[PDB]
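Q: Okay, structure incoming, though there's no sequence with it:
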Ligand code: CLA
Ligand code: CLA
Ligand code: CLA
Ligand code: CLA
Ligand code: CLA
Ligand code: CLA
Ligand code: CLA
Ligand SMILES: CC1=CCCC(C)(C)[C@H]1/C=C/C(C)=C/C=C/C(C)=C/C=C/C=C(C)/C=C/C=C(C)/C=C/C1=C(C)CCCC1(C)C
Ligand SMILES: CC1=CCCC(C)(C)[C@H]1/C=C/C(C)=C/C=C/C(C)=C/C=C/C=C(C)/C=C/C=C(C)/C=C/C1=C(C)CCCC1(C)C
Ligand SMILES: CC1=C(C/C=C(\C)CCC[C@H](C)CCC[C@H](C)CCCC(C)C)C(=O)c2ccccc2C1=O
C-alpha cells in the first residue's frame, strides 16, 4: 500500500478522538442555559 | 402545560370535576344547560394529563378535552 | 397557503355542460367541427396507410412514413375536438 | 498506482469541502 | 388562613417514599386536616401512619399526593376539613385547595369560567385553515 | 449454542417428515407459527383494531347483517393476555417438539 | 435549556426527554417555532444542496478507496477469477489469524471484498486504470464543494428565491424533463459512443484524445444525411473479447437484443441507442408546458378540464392543482411512490437484464444488489403512504377540495378499507391453507396429494415473449405470427437466443412453488397496503377519535377511556405497516435467493420440490445454507466469513432487543427509574454528582420508534450477513 | 400436454413415486409375522397406496418432472374437476351458510332481547333457517332486486372525515 502509514494515523483519530470531541462539545451545547 | 377545554355541550354533571386528581377543574354558573353550570379549567398548570376527566364525561363526544402539550415538572408527575 | 402562480393566459376550463367550452382546444378554438371531422378522417387514413407501409420495420425505414404514422393517434384527438365543436355549435 | 502526493491533493480538496460544509451548516442553523 | 407551621404532624416511622431534594429546592406541598380520633391511615408514599386527635399536618412532594390522601380521609374517616398548600423554598406559602373555601364540585359565585368554548367539539377549525397563522383551532 | 446445540440438534425435527416422528416436525412448525402470531397481539394496540373493525362493521351494515352484540377490539389487558398465552404456547411448543424428536431419535 | 432552539416547548422540558425529542424533530421544519412558508422552502432548498453534496462525497470515497487500496487493474485483466476489493482493513483488535484470513484479493494486507458491483459498473463504462478512478474521485470532490457552496449561496439575502419561484410548476417540469432527464440521457449516450464503446473495443479514449478520435469511421456525416442506419452496420461479433480489439465491430447505435455472448450483458450499442432514444423522447416531453413564450399547456387548465361528463368522479380534478402545489407532503408522497416503483423495477430488470460486463457471474454481487434495492423499495413505498397520511392531517383542506377525487376517496373510505380487508383475508386463508395442506400431507408420506397449481398465466406471458419451454404457440413463440414477423429484422433473433438459453435469468422457468410464493407476495402487498391506507384515510378522524386531526400525526393515544386507544394515530399505522414491509421484502428476497442459489448450483429441482411446503423453506433454504455462515468461526479456527458470522449474531441481538421496547411499556420503567433516582441521591460519594436533566423513562411514541429501529436494523443485518455469506461460502 | 406437462398415467417419475412408496411399506412389513395386527395394518396401507396411485393415473391428472400431479386452473373444461367444479360446490355451500346466518340475524333483531338470541340461539327457528339455504341464489337475488339486501348509503353510520 502507498502511504501505508495513513490508516494507523487516521483510524485512531477518526475512531476515538473525533467521537470523544464531538461527544464532549455536544454535551456542553445540550447542557447550557444560554 | 396541558390545554384543557370545555365545549358548550356540557350538561353540568360535575363528574369531570370530581374525577380530576389534581384539582384542575371546577364548576361555574352558566345558563346554557339545564343544570345551570358548566365545567371550567382555571388551573391547567397543575394538569398531569391523566384524562380521567375525559373518561368521566358522558356527553356523546367529550365536552371536556385534554390536549397534551409542553411538559413541566408538574405535568410529568415527577416527585423528584 | 400562498398564491399559486399560473402562466399568463390561464383561463377557467371547468365545465359541467354537455361539451367543454372551445377554450379547451387552445389554438384550435376557432376551427369548425366539420374541419376537425375531415382532419380526423384524413389523419386516420393517412396515418393508418403510413403505419401499414412500415409494419415490417427495417434498418432503412422511409422517414416520411414514420412521421406520417404519428397521424393515427393525432386523429383520436381530432375527432374528440370535432365532437366538442359540434356540441358548441361550431 | 496512486502516489502519496496524489493522496495529499485529495486530502486538500476534502479539507476545502469540510470548510464549505461547515459554512453551509452554519447558514442553515442561522 | 396562613399555614401554622407549628401544627403537629401525624405519627410516622419514616419511609423511603417521602420527598427528595426537589422538595427543598423547587416546591413542597402541605396538607392539614382535623381528626376527631387518633386513628391509623395509609400514607400516599408508603405504609401506615397514625393521625393524632386534633389538627394534623403533612408534607408531600406532589399535589396529587396531597389530594390522594385528601380523597382517602374524606372517603373513610369523613374528614372534610382538609386544606392543601404549596410552599416554595423562599418561605412563600400558597393556599391551593379548596381554592375559595368551597369544593370545586359545588358551584360558587365569583368563579370566572376558564377554558370554555362556545361551540361543540366538532366545530373546531381544520389544521390546514390555521397553518402559518396564529389563529386558534377553537373557532 | 446456536451452531452446536440449536442447529445441530434440530436435524431430527426437520428431517422427521414421513416417519413416526413427523408429528413432532409438524408441531415444531405449528408452534413457530403460534409464537410469531402472538407478536401481532403484543406489538399492537387496541385503537388500531377498533378502527379496522369499524370498516368491517360498515360492510356488514351495508348488507344488513350487522350483529346485535357489537364487535369490539379486545381490551388492552386482554390483548396483553392473548399475546402472552400464544407466545408461551409457541415457544414451549417449539422446544417440546425439538426436545422430543431429538431425544427419541438419538436416545 | 437551549438545544431545541426551534422549539420552546422542548427547550423548557427539564427531563432527558428534551434531548431525544429535539433530535427526533430537527428536520420537521414546518412544526418549528415561527416558521413562515418563505423560510420553509428556502431551508429545504439549501438542505437539498447539502444532501447532493453528501451523495457526491460518498461516490468519491468509493472511487478513492478502490483507486488507493483496490485491485482494479488486476481485476480488469481477469474479471471472472479475481475478487474485487472494496477497501483495506486496519483494526487494532484483530488477532494474527484474522489478519491472515482477510488477506485475500491478491494483496498483502487484510481487506474487504466488494459486493456492490462498482468494479463491473466502472469497467463497463470505460474505467481501465487506477488513475482515472482517482480522476473521477477528484471530480466528485469538486462537485461536492460546488453544491455545498451553492447551498450556502442560495441562503444569502439576494440569492434566496421567492415562493413564486418555488411554485413555478411549468418551468420546473420543462427543465427537469428536457434537461435533467432528457439531455443528461443524451449526454450519457454521448459518453457511451465516445468513450465506453471504443474502450470496450480496445481503443483508449480520454480527455487527451477524444477530440481527435472519431466514434464512427464515417463520422457525424451519416447523421447529417439521414443515413442513420449506417451507424448500425458491422456490430460487435459474437467472438468479441470485451476490452480488446478482437472480434470488434464499428457500429455505435445498432439494435440487436439479447446479451453479449461473453460478458452475458446487454450490448453497449443497444444501451447507447436506448439512451439516445430516451433522450429525444424526454426532450420532446419537456416542451409540453407553457413558460414565457405563449406555447404549451397550463397544468391548472388540464387538471380542471378532466371531469368525466357522466359525473362518476364528481367535480373531477378541480382544485387538485392548488392542493398539490401547496402541500409538500403530497409532493413527497407522489415522489416516494414513484421512486419506490422504480427501485423495484431496477431490482427486477437488473437481475434479468444485466448491463455490466461479467456481472451475473458474481453471484454475491447479484444477490446483494437485488436485496439492497428491494429493501430500499419497501422503505420508499412505506414513506409515500406515511407522507400521504401527513398530507391529510396537516395540508388537506376539505373546502378547497369540494367533491374532488380526494374528497370522494374520503367519502368512500370504508368501502376501500373493507375491500382491502376482504382481499387480504381471502389471500391469507387460502395461501396459508394450501401451504399447510402440502406440509401436512407431505409429512404423512404422501407428497402426491399436494395441491400444486401450475402458474399458467405467467407461463403464457413468458411464451408470449418467445419462451418455447411450455409449448404455448401464442404470439412470439409461434414461428409464424404478426408479432413474431414484425420484430424479425431487428431484435427478435437476439432476444429469442437470450430467452431460450437456460443460462441466464431472463424469464426463469416457473412452477407450483413460484405460484404459491407469488400469492404469498400478493397477500403481503395487500396487507401492507391495508395498514397504510387505513392509516391515511383514518388520519383525519374515525369513530373513536372523530377529532383526530386536532392532535396531529404522532400522538401516543387518547387514553384508556372509550375502551382504550393505544396505537390510534396515523403514525402508529406507519409503525404497524413497517413490520409488514419487512415481512414482504423478506418473502421476496427469500424467494429470489433460494431460486437463484438452486439454479446456480445446477439443482433447480431442489427448489421445485421443496418450495411447495414450509418445511422445505426451513430446512433446504435457511438450515441448509446456514452452515458456511455459522462456521465462520468455531473452536477449530476462523476464516474470512468470520465477520458475517459475527454480524449474523449481531443482527439477532438488535432484533430481540427491539422486543423489549415493543412488548414492555412505560409505567414499569418509570417506576424503576424512580428507584434509581432515589438510590443515587442516597449513595455517598455518588450524590456529589448531579444530573442536569431529570432521568425519565422514554415516551410512548419514542419507545415505539426505538423498538421499530432495533427490529428493523436486526432484520437488515441478519439477512445481509446470511445472503452474503451463504452465497460466498457456496459460490453457487 | 398442457404447459409441457405429462399425463400421470405415463409419467415415469409417477411410477417411481408409487414404487418407492410401496417399498417403504414393504420393508416395515418385513419385520412382522403374517397374521399379526401390525402386518394386517401395513398390508391395508399398501392396498390404500396402490389404489390412490392407480386412481390418480386414470383420472386425467397431469404430472410434472417431479412426478407429482399438477392442477390446471385456467378455466379449460377438460380440467374443470380440479378447481371450477370444487369451486362451484364451495360457493353453493358458502352462500348457503351466509344466507342462513343473515336470515337469523334479521330475525333476532325483531326479538324481545335481540342480544340474548345470539348467545342463546333459538334452535327451532335457526333450524327453520338452515333448511331455507338450498335456494339461496334465487332468494338472495330476489332479495337484492326487491331492495332488501342493500341498504342506502344514508342509513349507514360513517366516520366524520
Ligand atoms: C462518505 C465517504 C467516505 C467513507 C464512508 C469513507 C470510509 C473510510 N475511510 Mg475514507 N476517504 C474518503 C471518503 C470516505 N471514506 C475520501 C473522499 C477521501 C479522500 C480525501 C478519503 C480518504 C481516506 C484516507 C486517507 C483514509 C480513509 C480511511 C477510511 C476508513 C476508516 C475511516 C477513516 O479513517 O476515515 C478517515 C477519512 C478521512 C479523513 C477522509 C474524509 C472523509 C469524507 C471525505 C467525509 C465524509 C463525510 C460524510 C459525507 C458525512 C459524515 C457525517 C455523518 C454523521 C452525517 C473507512 C473505510 C482510512 C483507511 O483506509 O483505513 C484503512 C484512511 O487512512 N479515507
Ligand atoms: C436544465 C435545468 C435544470 C437541471 C439540470 C436541474 C437539476 C436539478 N434540480 Mg432543478 N430547477 C430548474 C432547472 C433545472 N434543475 C428550474 C428552471 C427551476 C425553477 C423553476 C428548478 C427548481 C428546482 C428546485 C426547487 C429544486 C431543484 C432540484 C434539482 C436537483 C434534483 C435532485 C437531483 O439531483 O436529482 C437528479 C435526478 C436525476 C439525475 C434524474 C432522475 C433519475 C431517475 C429517478 C431514474 C434514473 C435511472 C438511471 C438508470 C440512473 C442510473 C444511475 C447509475 C448509478 C447507473 C437537480 C440537480 C432540487 C435540488 O436538489 O436542489 C438542489 C430542488 O429542491 N430544482
Ligand atoms: C405469523 C404471524 C402473523 C400472522 C399469521 C398474522 C396474520 C394476520 N395479520 Mg398480523 N401481525 C403480525 C404477525 C402476524 N399476523 C405482526 C408481528 C404484526 C406487527 C405488530 C402484525 C400486524 C398486523 C396488522 C397491523 C394487521 C395485521 C393483519 C393480519 C391479517 C392479514 C392476513 C389476512 O388478512 O388473512 C390471513 C388470515 C389468517 C392467517 C388467519 C389464520 C386462520 C386461522 C389459523 C384458522 C384456524 C382456526 C383454528 C381451528 C383455531 C384453533 C383454536 C384452538 C384454541 C381450538 C391476518 C389476521 C391485518 C388484518 O387483520 O387485516 C384484515 C392488519 O390490519 N397484522
Ligand atoms: C384476489 C385474489 C387474487 C390475487 C391478488 C392474485 C394475484 C396474483 N395471481 Mg392469482 N389466482 C387467484 C386469485 C388471486 N390471484 C385465483 C382465485 C386463481 C384461480 C385458482 C388464481 C390463479 C392464478 C394463476 C394460475 C396465476 C396467478 C398469478 C398471480 C399473480 C399475477 C396476476 C394474475 O395472474 O392474477 C390472476 C387474477 C385472477 C385470476 C383474478 C381473480 C379475481 C377474483 C375476484 C378472485 C376470485 C375468483 C373466484 C374464486 C373464482 C370464481 C368461481 C369459479 C370457481 C367458478 C398475482 C400474484 C400468476 C403468477 O404469476 O403466478 C406465478 C399465475 O400464473 N393466479
Ligand atoms: C436480546 C434482547 C434483550 C436484551 C439485551 C435486554 C436487556 C435488558 N433487559 Mg430486557 N426484555 C427483552 C429483551 C431484552 N432485554 C424482552 C423481549 C422483554 C419482554 C418482556 C424484556 C423485558 C424486560 C424487563 C421487564 C426487564 C428487562 C431488563 C433488562 C436489563 C437486564 C439487566 C442487564 O442485563 O444489564 C446488562 C445489560 C445487558 C446484558 C445488555 C447487553 C450489553 C452487553 C453486555 C454488551 C454491552 C456493549 C457495550 C455497552 C458497547 C459500548 C460501546 C457502544 C456504545 C458503541 C437489560 C437492560 C430488566 C431491567 O432493566 O432491570 C435491570 C427488567 O426489569 N427487560
Ligand atoms: C431461538 C431461535 C431463533 C430466533 C428467535 C431467531 C430470530 C431471527 N432469525 Mg434466526 N436462526 C436460528 C434461530 C433463531 N433465529 C437458527 C438456529 C438458525 C440456523 C443456524 C437461524 C438461521 C437464520 C437465517 C438463515 C435467517 C434467520 C432470520 C431471523 C430473523 C427473522 C426475522 C423475522 O421477523 O422473521 C420474518 C420471517 C420471514 C420473512 C420468513 C420466515 C421463514 C420461513 C420459514 C421461510 C419463508 C416461507 C415463505 C417464503 C412464506 C410463506 C407464506 C405464507 C402465506 C405461508 C430473526 C432475527 C432471517 C432474517 O434475518 O430475516 C430477514 C434469516 O435470513 N435466522
Ligand atoms: C353469517 C354471518 C355473516 C355474514 C353474512 C358475513 C358477511 C360478510 N362479512 Mg363477516 N363476520 C362474521 C359473520 C358474517 N359475515 C363473523 C361471525 C365474524 C367474526 C369472525 C366476521 C368477521 C368478518 C371480517 C373480519 C370481515 C368480514 C367480511 C364480510 C363480508 C365478505 C365475506 C367475507 O369476507 O366473509 C368472511 C367471513 C369471516 C372472516 C368469518 C366468518 C365466520 C363464520 C363462517 C360466519 C359466521 C357463521 C354464523 C355463526 C352463522 C350462524 C347461523 C345460525 C345461527 C342460523 C360480508 C359483508 C369482510 C368484509 O368486510 O369485506 C367486505 C371482512 O373484512 N366479516
Ligand atoms: C450532515 C450535515 C450536517 C449539517 C448540514 C450539512 C452541512 C448539509 C450536512 C453535510 C455534511 C458534509 C457534506 C460533511 C462533509 C465533511 C467533509 C468533506 C469532511 C472532510 C474532511 C477532510 C479533512 C479533515 C482533511 C484534511 C486534510 C488535511 C488537513 C491535509 C493537509 C495537508 C497535507 C498533509 C498535504 C498538503 C498540505 C497540507 C495542507 C499540510
Ligand atoms: C396515501 C395517499 C394519500 C393521499 C395523497 C397520496 C400521496 C397521493 C396518496 C399516496 C398514494 C400512493 C403511495 C400510491 C401508490 C400508488 C402506486 C404504487 C401505483 C402503481 C401503479 C402502477 C401501474 C399503474 C402500472 C401500470 C402498468 C401497466 C399498465 C403495464 C401494461 C403493459 C405493458 C405496457 C407492457 C407489458 C404488457 C402490459 C401489462 C399490457
Ligand atoms: C388482532 C388483534 C385484535 C383483534 C382480535 C380479535 C377481534 C380476536 C378475533 C377472535 C375471533 C372473533 C374468533 C376467532 C377465535 C379463534 C378461531 C380461536 C379462539 C380460541 C379462543 C378464543 C377460545 C385486538 O383487539 C388487539 C387489541 C390490543 C392489542 C392487539 C390486538 C390484536 O392484535
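A: Perfect, thanks for sending it. Numbers count the residues shown, from 1 in each chain, chains lettered A, B, ... in the order given. Ligands and ions are numbered 1, 2, ... in the order given.

Q: does the residue lying closest to residue G:195 once chain neighbours are set aside count as helix, strand or coil?
A: Counting by CB to CB, 6 or more residues apart in numbering or on different chains, residue G:195 lies nearest to residue G:126, which is 4.6 Å off, once chain neighbours are set aside. C-betas here are computed from N, CA, C, even on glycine. Using DSSP: H, G, I helix; E, B strand; the rest coil as the criterion, the local structure at residue G:126 reads coil.

Q: repeat for the one 5 residues further on
A: Classification of residue G:131 by three-state DSSP places it in helix.

Q: Just list the residues touching the residue nearest to residue G:195, thanks.
A: Under the criterion of CB atoms under 8 Å, 6 or more residues apart in numbering or on different chains, the contact partners of residue G:126 comprise G:132, G:191, G:195-196, G:199, G:205.

Q: That one and chain A, how far apart?
A: 24 Å (CB to the nearest CB, to the nearest Å).

Q: So which residue is dead centre in the chain?
A: Reading this off chain A. Nearest residue to the geometric centre of chain A (CA atoms, centre = their mean): residue A:18, 0.4 Å.

Q: Switch to chain G, please.
A: Looking at chain G with CA atoms, centre = their mean, the centroid-closest residue comes out as residue G:376, 2.9 Å off.

Q: was I right about that one contacting residue G:343?
A: Yes - counting by CB atoms under 8 Å, residue G:376 touches residue G:343, with 5.0 Å between them.

Q: biggest helix in chain C by residues?
A: In chain C, with assignment by DSSP state H, the single longest helix is helix C:33-52.

Q: Now do the strands in chain B.
A: Using DSSP state E, the strands found in chain B span residues B:3-7, B:26-29, B:37-40, B:64-67.

Q: The ones you listed: which one's closest to ligand 9?
A: If you check each of the strands of chain B against ligand 9 by CB to the nearest ligand atom, strand B:64-67 wins as the nearest, at 25.4 Å.

Q: So which residues make contact with that closest one?
A: Strand B:64-67 is contacted from outside by B:2-7, B:10, B:16, B:25, B:39, B:41, B:47, B:49, B:51, B:53-54, B:57, E:121, G:547, G:550-551, G:559, using CB under 8 Å, 6+ apart.

Q: How far off centre is that strand?
A: Counting by CA atoms, centre = their mean, to the nearest Å, strand B:64-67 is centred 7 Å from the centre of its parent chain.

Q: go on, stretch G:238-249?
A: Mean-position distance between stretch G:238-249 and its chain equals 34 Å (CA atoms, centre = their mean).

Q: what about the closest residue to residue G:430 other than its chain neighbours, which helix or strand?
A: Distances taken as CB to CB, 6+ apart place residue G:519 nearest to residue G:430, at 7.7 Å, with adjacent residues excluded. Secondary-structure element containing residue G:519, defined by DSSP states H and E: helix G:512-537.

Q: Would the helix or strand following that helix count as contacting ligand 4?
A: Toward the C-terminal end, the helix or strand that comes next after helix G:512-537 (DSSP H and E) is helix G:570-601. No - using CB under 6 Å from any ligand atom as the criterion, no contacts between helix G:570-601 and ligand 4 are found, and the smallest distance is 10.5 Å.

Q: now helix G:570-601, how far from the chain's geometric center?
A: Centroid separation between helix G:570-601 and its chain, computed with CA atoms, centre = their mean, is 13 Å.

Q: what's the answer for stretch F:72-92, then?
A: Averaging C-alpha positions (CA atoms, centre = their mean) puts stretch F:72-92 10 Å from its chain's average.

Q: can you check stretch G:199-218 too?
A: The chain centre lies 35 Å from the centre of stretch G:199-218; the measure is CA atoms, centre = their mean.

Q: contacting residues for the residue nearest to residue G:119 when sequence neighbours are not counted?
A: Take residue G:119 and drop its neighbours on the chain: the residue closest to it by CB to CB, 6+ apart is residue G:84, 4.0 Å away. Shown here is residue G:84, whose contacts under the criterion CB under 8 Å, 6+ apart are G:70-72, G:75, G:105, G:113-114, G:118-119.

Q: Now that the residue nearest to residue G:430 has come up, it's in contact with residue G:426, right?
A: No - look at residue G:519 against residue G:426 with CB under 8 Å: they stay out of range, at 10.3 Å.

Q: and the one residue in chain C that gets nearest to chain B, how many neighbours?
A: For chain C and chain B, the shortest gap (CB to the nearest CB) falls at residue C:1, measuring 23.5 Å. Residues near residue C:1, counting by other CB atoms under 10 Å in any protein chain shown, number 17.

Q: which ones are touching the residue lying closest to it once chain neighbours are set aside?
A: Distance criterion CB to CB, 6+ apart; nearest residue to residue C:1, sequence neighbours excluded, is residue G:326 at 4.8 Å. For residue G:326, the contact set (CB under 8 Å, 6+ apart) comprises C:1-2, C:4, G:395.

Q: out of those, which one sits closest to residue G:228?
A: Taking CB to CB as the measure, residue G:228 lies nearest residue C:4 of those, at 43.8 Å.

Q: helix/strand/coil for that closest one?
A: When the structure is split into helix, strand and coil by three-state DSSP, residue C:4 lands in coil.

Q: just the one 5 residues further on next, same as before
A: Secondary structure, three-state DSSP: residue C:9 is coil.

Q: Cross-check the contact I'm expecting between it and residue G:292.
A: No - no contact is recorded between residue C:9 and residue G:292 when judged using CB under 8 Å, the distance being 11.1 Å.

Q: and the helix or strand harbouring residue G:377 with helix G:512-537, angle?
A: For residue G:377, the element it lies in under DSSP H and E is helix G:363-390. Helix G:363-390 and helix G:512-537 meet at an angle of 30 degrees, taking axes from the mean of the first three to the mean of the last three CA atoms, to 10 degrees as the criterion.

Q: Any residue of helix G:363-390 touching chain E?
A: No - residues of helix G:363-390 contacting chain E under CB under 8 Å from any CB of the partner chain: none, with a closest distance of 10.8 Å.

Q: gap between that helix and the chain center?
A: 4 Å.

Q: Who are the packing partners of that helix?
A: Applying 3 or more CB pairs under 8 Å, 6 or more residues apart in numbering or on different chains; DSSP states H and E, one finds that helix G:363-390 contacts helix G:328-352, helix G:512-537, helix G:570-601, helix G:700-730.

Q: What residue in chain F is the furthest from its centre?
A: The C-alpha centroid of chain F is most remote from residue F:64, which lies 33.5 Å away (CA atoms, centre = their mean).

Q: In contact with the closest residue in space to that residue that isn't next to it in sequence, which residues?
A: For residue F:64, ignoring the flanking residues on the chain, the nearest one in space by CB to CB, 6+ apart is residue H:151 at 5.4 Å. When the contact criterion is CB under 8 Å, 6+ apart, the partners of residue H:151 are F:61-64.

Q: Mind giving me the ChimeraX select for those, buried ones only?
A: Buried members of the contacts of residue H:151, identified by 16 or more other CB atoms under 10 Å in any protein chain shown, are gathered into one ChimeraX selection as follows:
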select /F:61,62,64
